[PDB]
Structure formats: C-alpha cells, structure tokens
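Below is one structure, written out as structure tokens; the observations come after it.
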Amino acid sequence: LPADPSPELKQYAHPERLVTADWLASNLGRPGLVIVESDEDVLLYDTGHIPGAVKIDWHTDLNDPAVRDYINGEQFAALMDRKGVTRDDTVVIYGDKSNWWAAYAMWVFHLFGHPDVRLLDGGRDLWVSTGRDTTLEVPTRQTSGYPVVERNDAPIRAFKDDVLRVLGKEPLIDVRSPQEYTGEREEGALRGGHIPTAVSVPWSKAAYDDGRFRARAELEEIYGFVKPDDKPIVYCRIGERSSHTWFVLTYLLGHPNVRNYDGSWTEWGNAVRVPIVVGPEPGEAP
Amino acid sequence: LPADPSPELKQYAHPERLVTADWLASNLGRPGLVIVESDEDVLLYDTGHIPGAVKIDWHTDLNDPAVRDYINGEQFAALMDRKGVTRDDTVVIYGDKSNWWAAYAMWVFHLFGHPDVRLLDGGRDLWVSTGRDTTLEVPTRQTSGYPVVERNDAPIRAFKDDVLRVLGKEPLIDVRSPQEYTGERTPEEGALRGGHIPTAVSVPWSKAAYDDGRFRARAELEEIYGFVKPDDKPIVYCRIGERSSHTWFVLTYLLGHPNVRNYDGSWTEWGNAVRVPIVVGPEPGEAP
C-alpha cells in the first residue's frame, strides 16, 4: 500500500505518516489495510464508526492491570491476533478529541516497532461532520502469528530521573492549558505549578477548530524556538496531549530525538521533595 | 508542670504523654500551659473551642507553599511566636475524630524537638459530649524569641527509597480502610492504581479508639498490635502522612516500641509513581 499522494500533504517533513479522508474512502475494504478507532470515550464506537474499523481501548487493552506501566511484547502480540492485524499490514488510526488518543495509540505501536502506522487527518470529528458513511456493524476477522518483540522504550520515552538530569540543558515543553501551567488549576494532584524551566506551548496551537493539523508555516513559527541540535521532552497530566505534540514535532516538522515524559504531572505533582515553579514565568534550574 | 497522676493512665508504657479531661479543667489558665486545637475541618474551631485555646491550620501553617514538604526551622519559630508558645511551655493538643489531626500536629512538633507535648484523651468529641464549657472568644496573647532549630527527619520519618530497602525485612502497616487495601476502591487524594505495598498488612486506624473518642485499654491494643516484636523497626502509611500519625503515637507512647517511622508519601505518592511494585487483593504478598 503506497503513501497517499494528495498534494496538500507534501508541505510536511514525512508526509507518508498521514492520510486524507478522500484517500481512505477510495481504499475501504482493500486487503493489507486495517482501520482502528481509539477514543477517550469507551462507549463512542458502539454509536457508529467507519465501515470495517476495529476498536482499541487505551485503558483496558494497552495498560498492565497491576503496576503503572504499558503491556509487554507477549501481550501486544496476543492483542494484534485478536484484532486481525498482521506484521505486514498498513494500520490507519483515528478518533475523537482532535486525535488525542489516536496519537497515543500510535506512540504505543512504535514501542513495539510496527512498520507502517499512519493517522487520518481531521479524525472522527471531521469524518462525521462532513456527512460520510458510518455503521454499527462489528467486524469478525481474526489472525494468528504476530511476532513476540522486546519493548523498546529508550528512543521515545523519558522517566523522572532522565528529566532531572537535563533541567537547564534541553527544552522542556508543557502542553497543558495556561491555568494548569501557572498552578491556578482520579487525576488531581497535591501541588500545582510546572517543572522548573518548562515553557508553555498548549497542544491546541497545532490544530484547526475542525480537528485537522495546521499548515507547515504556522507550525514553523510556534515551535521555531526548538533548535536543530536540541533533544526536547514533552509532558502533560498523563501523556495523551503530549503524544499529540510528539507526532507534530517528529513527523510534521522532522525533528529527531523527541521523548514523551509519560509520568507527567500525575507523578511529579504527587512526589515528596521535588522542585516546582509556580506562576507564569518558567524559572531557573536547581 | 508535673505529669497527670490519674491511675487510669498507668496501664500505658509512657503515661506522661497523655492528660485526662478532669486534669485539664483543673488547670485551665495556669502559667506555662498552652492549649492547641487541630482539626481536618479548618472552620470547626470558630464554631466553639476550649477556653484559652489557639488554632493551628494544617494547610496554611505547617506545609511549604510550593513543594511537597513541611516548613523549616525559621518558619516554625515564627509560627510559635504568633501563637504565643515559648520553648519551656507544656503544650496540650486536641481535635475532632478521636484526635486524628491532633496526633499529626504532635508528630510535626517532634520534628523540631519541642520538649513537652501531650494529647487530651478523648479530644474534642469527649469534651463536648459530656457537656463541658466552650467559647467563641479568640486569645490575643503573643510571644517572641522561640529558637531556630534544624529540622530532624531521620528518627520519625521514612522516604520512598527507605521503604524499598526493607520490603520483607521489617513490618509494614497499612492503616486505610479494607476496600482501599485490596484495591477495590481508588478527591485531590485519588490514584491511578489500587492495591497495597508488597508485604504490607492491614490494620485500619480507628481500631485503636472507642466510639467516645478515647484510646482503647492496653489489653485490647496488645491483641491488635501484638504481632509487632521488641526488635522490630516498623513503618506506617495511609493516603497522606497526616492520616497515619495516630498509629505512630499509639505504637510509640502507649505500647513503648522505639524506632517506628511514618512514610508521609503514602498511597498518593506510591499509587501514582511509574514502574513501582504493587500487590492487589486481600493477601500481603511477597517481596520482589
């Protein structure tokens, strides 16, 4: 399955990681293609979805049931088999909330090295608002033999001690709302504020009101502070909005070495004796 | 100011760390004595309190405004001055809920080495239910000169790394409800995972009190806590350290066990940390 050749995507650094709605409509039902809906709301898929699409739920399908961590390689293989995905298939992921959870699912697939994963520009919001076909029908396809791979965290994931070591030496980007960043505002925390030196670029700035990713030129200016030799870290409350910003910096802008700090404010704002800055200014390193 | 000589206190290992309601009523307004009310509900004091009592407010008075930690020596000294407490005064602390937040205030005073601190047996509940005198009048007494001391954490406080080093070597006591202990129940105090620390045992904190607010008799407490041995070095925890201070007091002063530590991080730290060991269900489980 070749890349979507639509002219409007060529403006980006790695255009092959996106597909348009008209491309997807003409390719529905084709062999070697699997379509995946991934939403914040676990109930939404059952109200209607793109024909042939399967469902993945981030909470029940992608997390360990006991410790705060993702599933392992043996468990990822079993999930692919149950969903009818082979190692050789093109996977296209889409969902509600401007593709926040679709980007998170794509980030998790990258931990297991799935070769060809792409997002639908505009996601579920645009598909539905433009009046395109949906169905209640749930697919029955099942496959077997997805390979058992060792999970590879280092290239795309940062832990709490990785963050402490680079304070003052690399760009740290907080993607929450302005009121969260200053400390004015299940997911609560005992302290409010941001990590010392962090800069505020809310995930919003990268998307239009209809859910599509913004034009290259608009992106170049929001994120132009990031220099070519930089190794940036992104974060939020639990790591979904930071997933959206990871995709933007990596594939649309072509910046290598971006890591997602998944622990995020739920870890940091609850830990005893870690440094915190309150108010609208970034602050100094410790 | 001598210890309360009432015979009902002699059953305990260190009876001088308690006073009775009769002793307190007999000594109200005496020189060298300061009375402190400490409650989870910060508005409760203003609805009525013991005559001459001052208020400590756990949010604004005892916590750093920016990081998750308590105040320092300089800030403790300034607070003592505003409240009218000198280094040589006897301090008696009391509050609602069988003294839940009163024991936490006492634990904080111990970080700074204040020489004579005591709790009122029965707390606010027993004072009111037995029809004793209360008032709305706020004292205006102030003092100056409390000494600046370096805060001393190590003897009574445990951090996350201290807990990991002793799993399967020392008793770990989880004082939350049974449903929180199993992970059935999971709110600025919520958590992304449910369960308990590996090897921990369940003892809900209110087992140590009667329904009138007083601490139980020594015989009843030895049935509940007898599994703790003379050579043990125990750690206690809950959701936040403020809520497991009550059990620290019981173990230390009523039963005479030295070397008990409070893990203040508690479930709000541990249940939100990335990649730490957790056991789900009703059994303690093994060390990793």
Side-chain angles (χ1 to χ4, degrees), chain A residues 58-59 62-72 151 153 157-164 182-184 187-196 235-240 242 259-279 281 283-284 286, chain B residues 58-59 63-72 151 153 157-164 182-183 185-187 189-198 237-243 261-281 283 285-286 288:
Chain A
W58 183 88
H59 194 280
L62 302 176
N63 279 245
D64 190 83
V67 315
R68 189 189 173 177
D69 201 9
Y70 308 100
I71 58 165
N72 70 20
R151 206 180 70 210
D153 293 2
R157 190 189 187 181
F159 300 100
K160 167 153 81 61
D161 292 346
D162 296 316
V163 175
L164 283 167
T182 61
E184 182 200 277
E187 262 172 64
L190 295 161
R191 288 302 187 282
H194 55 265
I195 304 184
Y235 79 93
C236 54
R237 204 155 69 232
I238 52 177
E240 92 281 3
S242 44
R259 288 183 297 171
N260 182 2
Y261 170 45
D262 64 292
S264 276
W265 197 251
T266 55
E267 180 171 54
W268 202 277
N270 283 306
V272 168
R273 279 166 67 82
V274 294
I276 292 180
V277 173
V278 181
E281 296 173 26
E284 305 284 329
Chain B
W58 68 286
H59 217 62
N63 276 257
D64 184 274
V67 308
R68 191 183 173 183
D69 200 11
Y70 305 107
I71 51 166
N72 63 32
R151 196 180 74 207
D153 290 0
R157 182 182 189 190
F159 299 105
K160 183 164 142 293
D161 284 0
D162 302 320
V163 174
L164 272 157
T182 67
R185 271 182 223 144
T186 24
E189 285 171 39
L192 295 173
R193 293 290 190 283
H196 53 268
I197 305 175
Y237 77 90
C238 181
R239 277 196 319 274
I240 53 167
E242 283 89 341
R243 302 180 191 279
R261 291 179 295 172
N262 187 10
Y263 169 44
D264 62 294
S266 283
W267 202 250
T268 59
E269 179 170 50
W270 196 281
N272 288 305
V274 171
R275 280 172 63 82
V276 295
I278 291 174
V279 171
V280 182
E283 305 177 13
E286 300 300 318

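Both backbone and side-chain heavy atoms feed into the values below; hydrogens, waters and symmetry mates do not. In what follows, chains are A, B, ... by sequence order, proteins preceding strands, each numbered from 1.
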Closest non-hydrogen atom pair between A:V272 and B:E269, with its separation: N-OE2, 3.2 Å
Any donor-acceptor pair under 3.5 Å from A:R68 side chain to B:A273 backbone: no
Closest heavy-atom pair and its distance - A:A66, B:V280: CB-CG2, 4.1 Å
For chain A, the option from B:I278, B:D64, B:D69 that forms the most heavy-atom pairs under 4.5 Å: B:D69
Portion of A:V274 that has a non-hydrogen atom of chain B nearer than 4.5 angstrom: backbone
Shortest non-hydrogen separation from A:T266 to B:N272 and the atoms involved: O-CB, 3.5 Å
